[PDB]
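Right, one structure below, let's go through it.
Residue numbers (UniProt numbering): 1 to 353, 380 to 752.
This is the structure in structure tokens:
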């Protein structure tokens, strides 16, 4: 099978590179337009009750457009907000902005439209000492995606009204700033990471042709994966965050796969085999490991499909479509591309821009004997430090998307927090009570006052009027909503957003008036319903994740003790990495150094970081142990097999982890916080596997385990062979 494709990729090697580089570059120009056909929704549970409350409340009442954009106006030269020459100037300029964009802006509403008003809520749009006043600029669009693209059309000219000084805040000035970090991070990876991965790719192969062939494989994968994600958008939507997690994870692993196929080809050439022999022998060993590695990532990422978050579903498609395409490109393009030029992998050399590898192979031979000869002295201090690193995980707070995902010194984050200080009380996240009747009959004003009465039993709901009768005010209705007599929602905020987990349960516990069914929604209910759905399905994901990666390793290796030693070791790296991230992102240790603000972690990010760490650390255990397993099949003792595998791999795995840490290191400088969280989640897990796990834990435990490392029952070794994996 793998042996068959060894020479089959050589008999037709010219077509194999011809069609595959054509599809990747073909799908590359198609995937250019992915940046347009991509959404931003998918963080809340689309099937929960709070979403139904939020979707029903938008049909009956009106979709809230007041919170789209808020601009804070300030008169120059310490003038107060009563100057008629300034009001006649900036109102003339705002009307000019709306007149120039009648398709994007519906019009602006503010205290400046009626300077001599009596409406209290329009009077609160101007502060006490004057000097400051804000407006609301509602925007056009059906879904949350049109409104953003409409905001980014008017934002340039809108920014120039007062002269240059308007603090644009609200939903869209933040959403444009949050999604705008993707351009910053990916550009940072182009100018500062893709050069650094060219140094590492060269300081492991010594030649131009050798160093550049993984970059060709990595480049085609991105060009190929963006085409498939562009095609997926033609049916179900794909999220904004799915594009970085290809540039981030896929680009770094596609080169890694290209680093073992090019290297094992160079190894079999240095042993004396001909070109067709090595091409036939790499795909039975390295090509077999690359394919097994890719299927282990898919095994780790598909349990995320059990989660209802759309944003997580779009990402696992980006992870599968960039990893499986990275393995295919390796035993296809890179197999043929190496078969075409043969030994000319080492032709070009450094000058067109052995003794160092043997002293490197020698150093790795020395260290493992030190570990094998005294195993418990290494396997015991490491065991406790790792368990000690899982202590901070007990402080796991889960919060929602907010303005504090930017650096604390950000332009828009300060424009937003300035708004909350100047005009308190306008920004609210109430819990809505979407009560509907199946009769299609008007809810009596008594039932409303009766449902409002039961809602008044729960303590901790903001009563700012100092009057328990002006609470649970009916939600204001816009013209765009058609009011069925059956649906009438009431809503009131909370005193502490931490109580939301508690009071949403009490609001559902309130016995509704007879005939009516009350959906509890609001953004605090949208969050606490998405948090709970994660933890109900996280155990089932954990089970499917562990049994699939372990079985896939038993087929990759030949044993059953190594697939369990791996999972035990791979659960240790998970516990330590998430403990540190909780410690440095929830408890904020090291925030001022990286410019972030400590805050609760986003709930779906917890599910993604698990499936990405486990499944990347496991791919490194297959990278390493598969060489020890191959040495055992040549008739070598356990300590001889351990020493041989880990020594002939200490430069490929060390060079592979640098390419991945350079790309992920170019994303730790993200202005978006949860990208820093994921980027650090890679380095901490990655650096822990390539040093503490590879060099000290797996040799000491495999030495302790001895000749039991390779054992597997009789019938199980037959199943692995009958699947053509012998």
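By construction, the Cβ of each residue, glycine as well, lies at the ideal position given by its N, Cα and C atoms.
- With contacts defined as CB atoms closer than 9 Å, residue 671 and residue 653 qualify as a contacting pair.
- C-alpha of residue 237 to C-alpha of residue 461: approximately 31 Å in a straight line.
- If only complete runs of 4 or more residues are kept, the region 87-111 shows no alpha helix (DSSP H) anywhere.
- Judged by DSSP secondary structure, residue 458 falls outside any alpha helix (DSSP H) and instead within the beta strand (DSSP E) spanning 457-463.
- Judged by their CB atoms, residue 28 and residue 222 are nearer to each other than the 9 Å cut-off.
- Straight-line measurement puts the Cα of residue 738 at about 18 Å from the Cα of residue 572.
- Here DSSP, grouped into helix, strand and coil, assigns residue 132 to coil.
- In the three-state DSSP reduction, residue 582 falls in the helix class (H, G or I).
- Secondary structure note for residue 307: it is in no alpha helix (DSSP H), with a DSSP letter that is neither H nor E.
- Residue pairing from DSSP leaves residue 333 without any beta-bridge partner.
- Of all alpha-carbon atoms in 283, 491, 300 and 229, the one lying nearest the alpha-carbon of residue 314 is that of 229.
- In this structure the region 536-547 does not lie against the region 87-98, because fewer than three pairs of beta carbons, one per stretch, are closer than 8 Å.
- Of the candidates 752, 690 and 602, the residue whose Cα lies closest to the Cα of residue 244 is 690.
- Of the candidates 664, 559 and 334, the residue whose Cα lies closest to the Cα of residue 51 is 559.
- In the three-state reduction of the DSSP assignment, residue 79 falls in the coil class, being assigned neither a helical nor a strand state.
- Contact check for residue 41 against residue 143 passes: the beta carbons are separated by less than 9 Å.
- Its chain contains 238 and 240 as the residues whose beta carbon lies nearer than 6 Å to that of residue 38, once the 5 sequence neighbours on both sides are disregarded; these appear in chain order.
- Considering only 203, 299, 718 and 687, the residue with the shortest C-alpha distance to residue 578 is 299.
- Within its own chain, the residues whose Cβ lies closer than 6 Å to the Cβ of residue 255, once the five positions on either side in sequence are excluded, are 214, 218 and 685, listed in chain order.
- Between residue 445 and residue 137, the beta carbon gap of about 13 Å keeps them out of contact (Cβ cut-off 8 Å).
- Classified as exposed, residue 96 has fewer than 16 neighbouring CB atoms from the shown chains inside 10 Å of its CB.
- With three or more CB-CB distances shorter than 8 Å, the region 340-352 counts as touching the region 205-212.
- Taking C-alpha positions only, residue 473 is separated from residue 429 by approximately 38 Å.
- In the structure shown, residue 37 falls within a coil segment according to DSSP collapsed to helix, strand and coil.
- Excluding residues up to 5 positions away in sequence, 433 lie with their Cβ nearer than 6 Å to the Cβ of residue 621 in the same chain.
- Non-local C-beta neighbours of residue 630 in its own chain, meaning closer than 8 Å and more than five positions away in sequence, comprise 43, 307, 309, 311, 312, 556 and 560, ordered along the chain.
- Take the alpha-carbon of residue 441 and the one of residue 88: they are about 24 Å apart.
- Sequence-distant partners of residue 301 (beyond 5 residues in either direction) whose C-beta falls short of 7 Å from its own C-beta, in its chain, are 316, 319, 320, 637 and 641.
- Taking C-alpha positions only, residue 468 is separated from residue 296 by approximately 57 Å.
- Nearest in C-alpha terms to residue 234, of all of 30, 606 and 687, is 30.
- Here the alpha carbons of residue 174 and residue 438 stand approximately 6 Å from one another.
- Close CB contacts of residue 115 within its chain, under the 7 Å cut and outside five residues either way in sequence, are with 87 (chain order).
- In this chain, residue 671 is not harboured by any beta strand (DSSP E); it is covered by the alpha helix (DSSP H) spanning 664-673.
- In this structure, the beta-carbon distance from residue 61 to residue 504 falls below 9 Å.
- DSSP places residue 607 in the helix class (H, G or I) of the three-state scheme.
- With a 10 Å radius around the Cβ and a threshold of 16 neighbouring Cβ atoms, residue 403 comes out exposed.
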